[PDB]
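To start, the structure itself, in structure tokens.
2 protein chains.
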Amino acid sequence: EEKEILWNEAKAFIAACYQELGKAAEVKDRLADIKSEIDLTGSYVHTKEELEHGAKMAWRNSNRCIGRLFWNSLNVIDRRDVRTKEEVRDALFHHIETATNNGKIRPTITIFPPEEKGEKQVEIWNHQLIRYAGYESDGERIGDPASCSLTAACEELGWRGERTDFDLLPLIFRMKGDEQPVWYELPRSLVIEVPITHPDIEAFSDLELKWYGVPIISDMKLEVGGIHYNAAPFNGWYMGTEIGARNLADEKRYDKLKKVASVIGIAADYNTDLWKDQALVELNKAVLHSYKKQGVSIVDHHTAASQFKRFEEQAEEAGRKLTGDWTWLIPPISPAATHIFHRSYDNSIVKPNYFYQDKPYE
Amino acid sequence: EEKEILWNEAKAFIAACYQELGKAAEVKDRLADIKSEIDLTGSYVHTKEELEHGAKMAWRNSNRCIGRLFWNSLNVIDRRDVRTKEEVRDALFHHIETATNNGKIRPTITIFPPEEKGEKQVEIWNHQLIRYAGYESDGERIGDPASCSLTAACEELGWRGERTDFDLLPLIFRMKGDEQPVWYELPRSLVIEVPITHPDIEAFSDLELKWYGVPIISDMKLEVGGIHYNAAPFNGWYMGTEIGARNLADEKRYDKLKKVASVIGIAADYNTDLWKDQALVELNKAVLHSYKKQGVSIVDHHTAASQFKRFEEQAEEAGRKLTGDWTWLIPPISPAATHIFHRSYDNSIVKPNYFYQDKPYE
Ligand code: HEM
Ligand code: HEM
Ligand SMILES: C=NCc1cncc(OCc2ccc3ccc(N)nc3c2)c1
Ligand SMILES: C=NCc1cncc(OCc2ccc3ccc(N)nc3c2)c1
Ligand SMILES: C[C@H](O)[C@H](O)[C@H]1CNc2nc(N)[nH]c(=O)c2N1
Ligand SMILES: C[C@H](O)[C@H](O)[C@H]1CNc2nc(N)[nH]c(=O)c2N1
Ligand SMILES: [Cl-]
Ligand SMILES: [Cl-]
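Residue numbers (UniProt numbering), protein chains in the order written: chain Y, 2 to 363; chain L, 2 to 363.
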């Protein structure tokens with residue numbers, strides 16, 4: 002019956018994928034070979050064309066993503082050939098390098114061997130390949146609280162963080178047949194960081210804020226035609242709000258709004274002064290300004306929303322249903338200033354897609 | 002069967018209402034009289050206590066409302082005795098006066114006779130008792146575009162607006178047995194308006210912006226225990242964002258953000274400058290400052306969210322399920338700065354409640 006779910010998903014994917022690539026006449030024969038392959042082996046292997054397009058379809062189907070306009074230009078790196086942790090490590094190093102591209106970020110996905118019997122070949126522990134550590138001890142909070150549990154896990158494995166507010170977490174992943182994951186410290190030369198300054202508030206640098214250049218989500222599962230690629234790290238460029246309105250602003254993150262209000266010279270005493278709102282705007286202006294100044298790719302929420310409007314228009318022209326999660330698509334600042342706020346979206350799940358999966362820690 | 006829906010709703014309402022008022026032992030007898038009344042008359046008449054509490058329950062059940070903490074302090078005016086348009090007019094005039102309360106706004110509802118056979122005794126055309134007219138002709142747009150259709154309707158009835166950007170629409174309602182609605186010009190002495198100034202940007206007054214003091218929604222239907230009060234205008238005080246981030250900001254409303262950016266001395270050329278976001282903050286600061294300065298009640302979105310958190314806490318303590326519409330509860334500026342953004346809400350509809358109903362114009 003496991004050979005039935007896989008067979009059904011495969012038929013749906015191959016038909017759709019080959020339609021879009023204009024290879025509709027080759028569906029019948031390809032479906033034949035797959036049918037035999039599932040019978041004989043219990044699974045099937047995607048061609049590079051299928052895998053590449055499947056990854057692109059998956060991004061296109063990500064309801065929560067505002068940046069889906071450029072789904073078809075995704076850079077897909079096929080690494081189903083890896084067998085050693087050294088190979089996984091170097092593939093992850095390479096992903097960071099090519100995606101970063103000296104600041105001109107290339108949306109990229111590196112695809113590792115898929116689950117077999119639901120048995121993972123490679124199991125990545127990082128939420129993102131580049132992320133800051135977090136510590137909580139004796140009322141003392143350091144770094145990114147979102148990373149507290151992974152950090153403690155890494156420190157259980159012999160790693161020790163310097164306990165700055167911006168410790169780079171090591172890459173940590175487990176190979177099939179190993180009981181523990183291994184960890185590799187990130188070469189700093191691969192990691193671009195952006196110091197946060199303000200275009201006209203000189204004192205903003207006193208906050209000593211910074212963030213990393215490329216968000217590379219590495220703990221989600223890519224599903225393509227019944228095949229579960231549990232290890233397939235992917236990246237885009239940041240939307241400024243992710244950093245300015247969430248990462249550095251949330252009380253359960255870096256919680257910097259009070260300090261921003263201070264350096265911009267406004268009181269943080271009264272709700273009616275809207276000091277949090279003002280601090281959010283200046284901080285988000287600072288983030289955008291800082292990334293542009295260092296020549297690292299970034300998009301503001303207005304421009305991103307305009308691009309998403311075009312994605313909507315493109316979907317209609319192509320005859321494809323549009324799906325989306327309104328609650329995630331709206332930016333966390335001035336959402337009513339975007340068209341997204343003023344329309345509704347069908348939150349139906351279409352495959353191929355990227356999914357949450359259980360963590361091996363916590 | 003119409004006597005069945007009514008009977009079922011009545012049983013559910015009376016039981017619940019009398020539980021909450023601690024009059025549980027009187028349910029059986031009250032349900033008896035109602036049962037006979039429905040048999041004999043085809044409907045039933047609420048006691049003043051039931052009507053008052055039903056209106057309060059309805060507010061408490063309004064999923065989209067962030068101000069529900071004060072549901073139990075609602076001022077309920079029972080006007081089921083009205084029979085003439087002069088009486089309706091004076092009741093509406095009175096509502097404006099008492100709710101305004103010289104600026105110290107009292108949340109108030111005036112309840113008119115309910116539908117009979119679904120036949121309306123009184124039919125209010127206004128969306129709000131106080132609202133600005135809107136005009137669209139020859140590429141010339143004046144006033145509030147949201148009011149374009151009602152304004153044209155009023156001008157079909159012999160009314161003529163001065164075509165300022167802030168023409169007060171007349172009260173317009175239709176009595177049962179009349180073919181046309183009547184209209185009465187609002188006495189200016191009853192209407193408080195607030196000129197919009199900025200606490201430290203003196204040039205802000207050049208925009209000549211203003212808004213009315215009290216939002217009195219007058220086109221929704223109150224449903225209590227099977228009884229349809231189609232005419233029951235109600236009001237609270239404004240949350241600043243309604244005016245600053247929507248009414249004066251929406252492109253399909255007053256569309257003032259470009260002009261705000263000008264008077265606050267920032268460029269409106271680049272999305273990356275976040276000029277819309279900055280303009281929104283200053284405009285919303287101006288609104289709050291202006292209402293406080295004139296001694297007209299208003300609440301900022303942070304304070305309102307804190308109050309709503311208490312409503313959530315109060316609901317749990319009372320053993321009542323909480324319902325809400327996340328998409329409407331989140332404020333249109335800095336929503337992620339409120340707790341509302343970071344939790345989910347069950348959007349189930351509980352009666353008593355306030356409902357949309359079809360308009361007699363358009
Ligand atoms: C090219 C630049 C991109 C931008 C600006 C962008 C923007 C965003 C943003 C702002 C979010 C919300 C993140 C959050 O609230 O935590 C998001 C979610 C998401 N994006 Fe994108 N994105 C981009 C590229 C991509 C790529 C390349 C993929 C994968 C192929 C992708 C897949 C997703 C997914 C799966 C989510 C939802 C994750 C979740 O459910 O938690 N996006 N995107
Ligand atoms: C006391 C001050 C109050 C504040 C600050 C407040 C705040 C709000 C706000 C901001 C909205 C959203 C409006 C929009 O987006 O168009 C809302 C919706 C609503 N409020 Fe309140 N409210 C208050 C009192 C009341 C009262 C007295 C009632 C009725 C008894 C009420 C019932 C509702 C209803 C029914 C809606 C939704 C209307 C719709 O679905 O379009 N609220 N409230
Ligand atoms: C832990 N935060 C929730 C979470 C969980 N699991 C995956 C997540 O991904 C968010 C996400 C995913 C893809 C992105 C692509 C580009 C971008 N700028 N941000 C992006 C953000 C977020
Ligand atoms: C036409 N705009 C949509 C709409 C339709 N029908 C009713 C509406 O009511 C919004 C509403 C309702 C009650 C309120 C009470 C207080 C307040 N400050 N705003 C309030 C706003 C809104
Ligand atoms: C599409 C969406 O339902 C619609 O634009 C809503 C979004 N949330 C809102 N929330 C409030 N308070 N008021 C509104 O008018 C809207 N508009
Ligand atoms: C409760 C709600 O689902 C949750 O807080 C969501 C709201 N919308 C969001 N939207 C984005 N883009 N990112 C988030 O983390 C969240 N949080
Ligand atoms: Cl992030
Ligand atoms: Cl309004």
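A virtual CB, placed ideally from N, CA and C, is assigned to each residue, including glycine.
Nearest-angstrom Cα separation, counted from residue j out to residue i
{"i": "residue 29/L", "j": "residue 37/L", "result": "13 Å"}
{"i": "residue 210/Y", "j": "residue 9/Y", "result": "50 Å"}
{"i": "residue 1/Y", "j": "residue 305/Y", "result": "The question about residue 1/Y has no answer here: the residues shown for chain Y are numbered 2 through 363."}
{"i": "residue 70/L", "j": "residue 320/L", "result": "15 Å"}
{"i": "residue 253/L", "j": "residue 45/L", "result": "44 Å"}
{"i": "residue 162/L", "j": "residue 134/L", "result": "7 Å"}
{"i": "residue 260/L", "j": "residue 150/L", "result": "26 Å"}
{"i": "residue 292/Y", "j": "residue 194/Y", "result": "9 Å"}
{"i": "residue 284/L", "j": "residue 245/L", "result": "6 Å"}
{"i": "residue 271/Y", "j": "residue 264/Y", "result": "17 Å"}
{"i": "residue 361/L", "j": "residue 181/L", "result": "10 Å"}
{"i": "residue 94/Y", "j": "residue 298/L", "result": "59 Å"}
{"i": "residue 67/L", "j": "residue 330/L", "result": "6 Å"}
{"i": "residue 111/Y", "j": "residue 48/Y", "result": "15 Å"}
{"i": "residue 167/Y", "j": "residue 22/L", "result": "57 Å"}
Reference residue i; option with closest CA among the options
{"i": "residue 12/Y", "options": "335/Y, 298/Y, 304/Y and 228/Y", "result": "228/Y"}
{"i": "residue 61/Y", "options": "291/Y, 344/Y, 358/Y and 223/Y", "result": "223/Y"}
{"i": "residue 256/L", "options": "145/L, 353/L and 310/L", "result": "145/L"}
{"i": "residue 247/Y", "options": "174/Y, 116/Y, 183/Y and 282/Y", "result": "282/Y"}
{"i": "residue 101/L", "options": "333/L, 331/L and 214/L", "result": "214/L"}
{"i": "residue 242/L", "options": "302/Y, 4/Y, 338/Y and 42/Y", "result": "338/Y"}
{"i": "residue 18/Y", "options": "39/Y, 51/Y, 42/Y and 4/Y", "result": "51/Y"}
{"i": "residue 126/L", "options": "174/L, 33/L and 348/L", "result": "174/L"}
{"i": "residue 73/Y", "options": "346/Y, 327/Y, 312/Y and 350/Y", "result": "312/Y"}
{"i": "residue 122/Y", "options": "47/Y, 157/Y, 168/Y and 86/Y", "result": "86/Y"}
{"i": "residue 136/L", "options": "164/L, 275/L and 47/L", "result": "164/L"}
{"i": "residue 1/Y", "options": "291/Y, 115/Y and 106/Y", "result": "One cannot answer for residue 1/Y here, as it falls past the ends of chain Y, which runs 2 to 363."}
{"i": "residue 262/L", "options": "204/L, 166/L and 67/L", "result": "204/L"}
{"i": "residue 107/L", "options": "78/L, 118/L, 363/L and 258/L", "result": "78/L"}
{"i": "residue 279/L", "options": "325/L, 95/L and 335/L", "result": "335/L"}
{"i": "residue 300/Y", "options": "117/Y, 289/Y and 310/Y", "result": "289/Y"}
{"i": "residue 348/Y", "options": "325/Y, 225/Y and 190/Y", "result": "325/Y"}
{"i": "residue 4/L", "options": "118/L, 24/L and 75/L", "result": "118/L"}
{"i": "residue 219/L", "options": "58/L, 68/L, 212/L and 109/L", "result": "109/L"}
{"i": "residue 179/Y", "options": "56/Y, 196/Y, 124/Y and 166/Y", "result": "124/Y"}
{"i": "residue 83/Y", "options": "66/Y, 113/Y and 330/Y", "result": "113/Y"}
{"i": "residue 88/Y", "options": "250/Y, 226/Y, 352/Y and 183/Y", "result": "183/Y"}
{"i": "residue 323/Y", "options": "258/Y, 310/Y and 333/Y", "result": "310/Y"}
{"i": "residue 56/L", "options": "353/L, 359/L, 303/L and 39/L", "result": "353/L"}
Anticipated Cβ contact below 8 Å, residue i with residue j, distance rounded
{"i": "residue 199/Y", "j": "residue 286/Y", "result": "7 Å"}
{"i": "residue 15/L", "j": "residue 32/L", "result": "6 Å"}
{"i": "residue 96/L", "j": "residue 130/L", "result": "7 Å"}
{"i": "residue 187/Y", "j": "residue 171/Y", "result": "6 Å"}
Partner residues on chain Y for residue i, Cβ-Cβ distance less than 9 Å
{"i": "residue 199/L", "result": "Those do not exist, as residue 199/L stays about 12 Å from chain Y at its closest Cβ, beyond 9 Å."}
{"i": "residue 303/L", "result": "272, 273, 275, 277 and 278"}
{"i": "residue 52/L", "result": "Those do not exist, as residue 52/L stays about 35 Å from chain Y at its closest Cβ, beyond 9 Å."}
Interface partners of residue i on chain L, CB under 8 Å
{"i": "residue 146/Y", "result": "Under the 8 Å cutoff, chain L gives no residues; its nearest Cβ is about 14 Å from residue 146/Y."}
Cross-chain neighbours of residue i in chain Y, by beta carbon under 7 Å
{"i": "residue 364/L", "result": "As displayed, chain L neither begins before 2 nor continues past 363, which places residue 364/L out of reach and without an answer."}
{"i": "residue 75/L", "result": "Ordered by position in chain Y, no residue passes the 7 Å Cβ test against residue 75/L, which lies about 24 Å from the chain."}
{"i": "residue 379/L", "result": "Because chain L in this structure spans residues 2 to 363, residue 379/L falls outside the shown range and cannot be described."}
Under 8 Å from the C-beta of residue i: neighbouring residues of chain Y
{"i": "residue 337/L", "result": "246, 247, 250, 251, 333 and 334"}
{"i": "residue 285/L", "result": "275 and 278"}
{"i": "residue 187/L", "result": "The contacting residues do not exist; residue 187/L stays about 29 Å from chain Y at best."}
Closer than 8 Å to chain C by CB, residue i
{"i": "residue 327/L", "result": "The chain labelled as chain C is not found among the protein chains of the depicted structure, namely Y and L."}
9 Å Cβ cut-off: residues of chain L touching residue i
{"i": "residue 293/Y", "result": "273"}
{"i": "residue 330/Y", "result": "Chain L residues near residue 330/Y: none, gap ~11 Å exceeds 9 Å."}
Residue i: contacting residues in chain L (beta-carbon distance under 7 Å)
{"i": "residue 323/Y", "result": "Correct list: empty, because the minimum Cβ distance to chain L is about 18 Å."}
| message | List, from N- to C-terminal side, the alpha helix (DSSP H) runs of 4 residues or more that fit wholly inside the stretch 120 to 181 of chain L. | response | 149 to 156
| Complete runs of the alpha helix (DSSP H) confined to the stretch 28 to 53 of chain L [at least 4 residues] | 28 to 42
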